[PDB]
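Here is the structure we will look at.
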There are 2 protein chains.
Amino acid sequence: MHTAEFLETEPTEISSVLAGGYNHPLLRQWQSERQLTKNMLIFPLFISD
Amino acid sequence: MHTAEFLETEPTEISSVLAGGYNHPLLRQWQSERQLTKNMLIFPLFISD
């Protein structure tokens, strides 16, 4: 019978763990290099004669 | 009579001109590498027993 195989593992390496930095909604905002604000928006206008 | 002296000048060098980038309120905001938002604030709390 085909059974689920699990390879022998080694203790987790600290350098592998990145998950601690984006497991929460607020965190995903903190991870942004720049946050989108209304004053960054430039609206184009097509003025006719 | 002491009069205001003005030294002979050379044409303005383009590389000298930085003023075009912050002569307006909005521009001073655009010049910011990061804008301050409410979600960047962390308020400390002193919980007593």
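Convention: chains lettered A, B, ... in structure tokens order; per-chain residue numbering from 1; ligands numbered from 1 as shown.
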
Dump as a compact mmCIF listing (two decimals) with N, CA and C atoms, in the first residue's frame the residues of chain B that approach chain A to within 10 Å, counting only C-alpha atoms.
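For reference, part13.txt as written:
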```
# COMPACT_ATOMS: atom_id res chain seq x y z
N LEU B 26 3.63 70.41 -1.80
CA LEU B 26 3.48 69.02 -2.24
C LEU B 26 4.84 68.40 -2.52
N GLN B 29 6.77 66.92 0.20
CA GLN B 29 6.19 65.64 0.60
C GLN B 29 6.73 64.52 -0.31
N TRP B 30 6.92 64.89 -1.57
CA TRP B 30 7.44 63.99 -2.60
C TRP B 30 8.93 63.70 -2.36
N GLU B 33 11.53 60.21 1.70
CA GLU B 33 11.76 58.82 1.30
C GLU B 33 10.63 57.92 1.78
N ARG B 34 10.04 58.30 2.91
CA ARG B 34 8.93 57.58 3.52
C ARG B 34 7.95 58.56 4.16
N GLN B 35 6.65 58.33 3.96
CA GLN B 35 5.67 59.24 4.57
C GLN B 35 5.09 58.61 5.84
N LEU B 36 4.92 59.43 6.86
CA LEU B 36 4.40 59.02 8.15
C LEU B 36 2.92 58.66 8.10
N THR B 37 2.60 57.43 8.48
CA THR B 37 1.22 56.94 8.51
C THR B 37 0.88 56.41 9.90
N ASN B 39 -0.37 53.62 10.86
CA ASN B 39 0.02 52.25 11.11
C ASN B 39 1.48 52.05 11.42
N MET B 40 2.28 53.11 11.52
CA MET B 40 3.70 52.92 11.83
C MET B 40 3.94 53.18 13.32
```

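For the atom pair formed by atom CA of residue A:44 and atom CA of residue B:18, the distance is 26.0 Å, given to one decimal.
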